[PDB]
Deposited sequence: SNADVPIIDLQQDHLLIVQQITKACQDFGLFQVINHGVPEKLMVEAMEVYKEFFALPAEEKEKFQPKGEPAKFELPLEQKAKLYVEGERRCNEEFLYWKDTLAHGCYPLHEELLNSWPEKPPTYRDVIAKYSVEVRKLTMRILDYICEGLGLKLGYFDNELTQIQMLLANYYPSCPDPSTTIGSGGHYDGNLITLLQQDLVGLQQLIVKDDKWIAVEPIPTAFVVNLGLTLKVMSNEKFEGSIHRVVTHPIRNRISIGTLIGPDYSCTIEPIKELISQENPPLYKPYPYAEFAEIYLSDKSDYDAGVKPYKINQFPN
């Protein structure tokens, strides 16, 4: 029950109530009957299976200056293969690119092999964004904000991170606003902070896992939780997951949503530049919320 599964074809008010409770209590939930075509979800996963099976000489096309990219600024939207962290038996290869707006220069950075990549992944990205914006509107209703509150610079960046985890038999907040993750194998765990317990997020191949980022934790003034989650390498399979990470542009200023502040809900963060946060978030792993620690105020 600590990972709620929310049916998006229930009554609207029940959806709002269930999403709001999940956001307050956990910061992570799954959605089913969510309106994204299952056929397209299957096709996207098949595209990534094909992509990660390509020979090394194809992979080199995504290695800037001959080596994988790192998650560091500037974080370009053009498609690259990234590595992140070290684990010994890379433990994670990620193909990442922006998706929105889909400028010609951005699209022409995407893979051309496998040949269906651009058609499938463009359609997938449009559908996942539409679902994300629906979820953000349910969140607006739960917070008491007008519909469309997040339909601006706060959602300007849509990074697709397709992750490949080589098998081996022997945690973070996402820094952005909100993430949708498609998975088909065990490996994702969520931290239940109140119980200091890591628990599995059941793989439902036709669902999306929704997790709130550190930006939404700040903007909600901690009325919502951000999700701290981690991945366990599979002992048998090479696991692939598909994340759509939506959030602000690098030129944005972030602060607790001003309309929700009150005498009993004073701001817990001062305004900060997203780019400055992003540098710390990507560099400083000393604590899960290191990226926002410099901006905390009104602590008691």
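Not built in the structure, per the record, are deposited positions 1-2, 92-96, 178-185, 316-317.
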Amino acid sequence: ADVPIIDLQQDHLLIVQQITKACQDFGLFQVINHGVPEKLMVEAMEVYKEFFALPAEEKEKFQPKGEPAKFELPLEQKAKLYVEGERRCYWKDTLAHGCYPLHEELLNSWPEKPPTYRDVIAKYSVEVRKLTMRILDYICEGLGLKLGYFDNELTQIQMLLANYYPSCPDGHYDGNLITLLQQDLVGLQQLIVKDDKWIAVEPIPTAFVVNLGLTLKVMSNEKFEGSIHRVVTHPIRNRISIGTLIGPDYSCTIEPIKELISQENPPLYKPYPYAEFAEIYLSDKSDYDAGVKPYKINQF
From here on, numbers count along this sequence of modelled residues.
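Taking the mean C-alpha B-factor of each stretch as recorded, 283-291 and 19-27 are not equal, and the higher mean is that of 283-291. Once the C-alpha B-factors are averaged per stretch, 231-239 and 245-253 rank with 231-239 first.
Of the candidates 36, 56, 260, 44, the PDB record gives 56 the highest C-alpha temperature factor. When the Cα B-factors of 205, 213, 74, 98 are read from the PDB record, 74 comes out highest. Compared with the other modelled residues of the chain, the Cα B-factor recorded for residue 175 ranks in the lowest third. Split the chain's modelled residues into thirds by C-alpha temperature factor. Residue 146 is in the highest one. In this PDB entry, the Cα temperature factor of residue 102 sits in the middle third of its chain's modelled residues. Residue 118: CA B factor in the middle third of modelled residues in this chain (values from the PDB entry). Ranked by Cα temperature factor within the chain, residue 152 sits in the highest third according to the deposited record.
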